[PDB]
Every structure is written in structure tokens, then in C-alpha cells.
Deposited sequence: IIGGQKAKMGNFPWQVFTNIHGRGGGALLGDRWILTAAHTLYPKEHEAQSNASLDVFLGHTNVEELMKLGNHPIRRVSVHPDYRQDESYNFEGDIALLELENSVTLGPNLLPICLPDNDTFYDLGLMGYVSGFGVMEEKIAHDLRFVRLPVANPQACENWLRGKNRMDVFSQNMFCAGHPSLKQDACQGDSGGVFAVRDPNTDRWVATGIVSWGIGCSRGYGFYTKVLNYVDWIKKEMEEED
């Protein structure tokens, strides 16, 4: 996370730390499911990978001490394409814990979204993560607060750069080329989190998915709302 601040204990109690092919993030759903990005498990470019998953603290060293949480199962969404370099369609996956976690003040799941107003122009949301800072590595969770961006303007920007990346209705974009705040390497798989103004319930509206570089652009996120049925169907127990 660039241009962010240190998270305090209890701020983002759903946040997950993974170390599969490198650092990444996720969000607790229920007491035994982790939502994240599929590219975190099946990377684009490319050593052989363990499902390492730590929960329940903001300090990377304390998270590790609390112990790994073994993954019983993985579901990658059928539309994801590992081999296509500029197409993050369906960049969403689901990890099932072998054992459910006990909930508390520092460990609580995030809700899923139920309507399209979570994606309105200028709605502010939060991205927390253990990813890289502008000039150094992060040893604690950090976060930024970013506006949902006009997807027409995001298109304009990709086009000005002559990029042919898939930018679909199952993705949205946040931040702004003028803003320093963004996700970076290690933040992928974390959620873009919106506090419903009418309800005070926190909701995972997106998953940190892709961009061009890090700061000072638009970031792209998997539109969680469009997979809520698929998520619910995999959690069906």
C-alpha cells in the first residue's frame, strides 16, 4: 500500500495474509472461508507453491506466530485464464480452511454486497494490505481510502496508453492518476472495502486485481457483486 497509514488492531479484522508465490492478501468470510484473487494462486508470469495463510493480527511477525491456517480446498472461478497476460476476467478465488477460526475483536468476516450502489461514482472505500510501500517493505498492515472511479475515464486512460487489457463489466476501477494512494506488490487478493453509509456494515465490493504500475493511475478490481451467487454456491454446506 502506497500513501497509506498503519492499520490499528481491530480496523480490518477480516484481513488475511497469504504467502503462496509471494505476499498477497484476502478477506475472511464466515468463520472458515477466505476470498482472494485467483492470480494469487495461478500467477500470470510464473518455484513451487504452498498455501500459506495467516490471520488475526496487523503485525506480520505476530500474524506468523499465531500460526498458519491449513487450507482444505481451493476454488478458482471458471473464467480465469492463467495463460492470458492482459486479461484478469474472473480474478477471484475461494480458500476453505480445514478448521474454522474462533471469532473475536481482532478476527471477524466481511459481508458480501447485495446491490449495485456499492459501485457509484465517488463512493469512498478502503484497501488495507501488507504490500510494498513507496520506498520500503511493510512489516505491518496499512491502508488507504480511495474513490470509486468513472469507468469511462478509466477506459480513456488505458486508451491513452494504447493498452488492450480486458476491462469488463465484472471489474471496476478506483483511485485517480492524480492520487498517490494505491495498492502495490503484496496487496493483491485483499478487498476493496466499503462501509455502507445506511447500515454501518462493512462490505467487500472488490478484490485488488490489476493495474499499470502502482501509484498515480487507476487500479482495477474484481466486481465482487457479480460473483456473489458463485461465492454462495461454493460456501453451500
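A.B. asks: Should a student be asked to find the unmodelled regions, what ranges of the deposited sequence would be the right answer here?
C.D. replies: Counting from residue 1, the stretches without coordinates are 47-49, 241-242.
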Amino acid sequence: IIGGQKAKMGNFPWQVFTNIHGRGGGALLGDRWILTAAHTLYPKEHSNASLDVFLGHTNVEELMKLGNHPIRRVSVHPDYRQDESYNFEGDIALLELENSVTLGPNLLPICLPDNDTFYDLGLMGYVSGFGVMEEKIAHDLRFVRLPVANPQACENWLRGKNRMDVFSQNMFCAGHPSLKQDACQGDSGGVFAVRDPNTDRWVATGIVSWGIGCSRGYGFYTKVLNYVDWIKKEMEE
From here on, numbers count along this sequence of modelled residues.
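A.B. asks: Give the stretch, out of 115-123 and 130-138, with the larger mean C-alpha temperature factor in the deposited entry.
C.D. replies: 115-123 has the higher mean C-alpha B-factor.
A.B. asks: Quick one: say whether 28-36 or 49-57 has the higher mean Cα B-factor in the deposited entry.
C.D. replies: Taking the mean B-factor of the alpha carbons in each, 49-57 is higher.
A.B. asks: Can you tell me which of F167, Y86, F143, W157 has the maximum CA B-factor listed in the PDB entry?
C.D. replies: When the deposited C-alpha B-factors of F167, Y86, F143, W157 are compared, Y86 is largest.
A.B. asks: Check where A153 lands among this chain's C-alpha B-factors and tell me if it's the lowest, middle or highest third.
C.D. replies: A153: CA B-factor falls in the lowest third of its chain.
A.B. asks: Within this chain's modelled residues, let me know which third the CA B factor of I110 belongs to: lowest, middle or highest.
C.D. replies: For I110, the deposited C-alpha B-factor lands in the middle third.
A.B. asks: Lowest, middle or highest third: where is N68 by C-alpha B factor in its chain?
C.D. replies: CA B-factor rank for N68: lowest third.
A.B. asks: Determine, from the deposited record, the chain-internal third of the Cα B-factor for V76: lowest, middle or highest.
C.D. replies: According to the entry, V76 has a C-alpha B-factor in the chain's middle third.
A.B. asks: Is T18 in the lowest, middle or highest third of its chain when residues are ranked by C-alpha B-factor?
C.D. replies: Within its chain, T18 is a middle-third residue by C-alpha B-factor, going by the deposited values.
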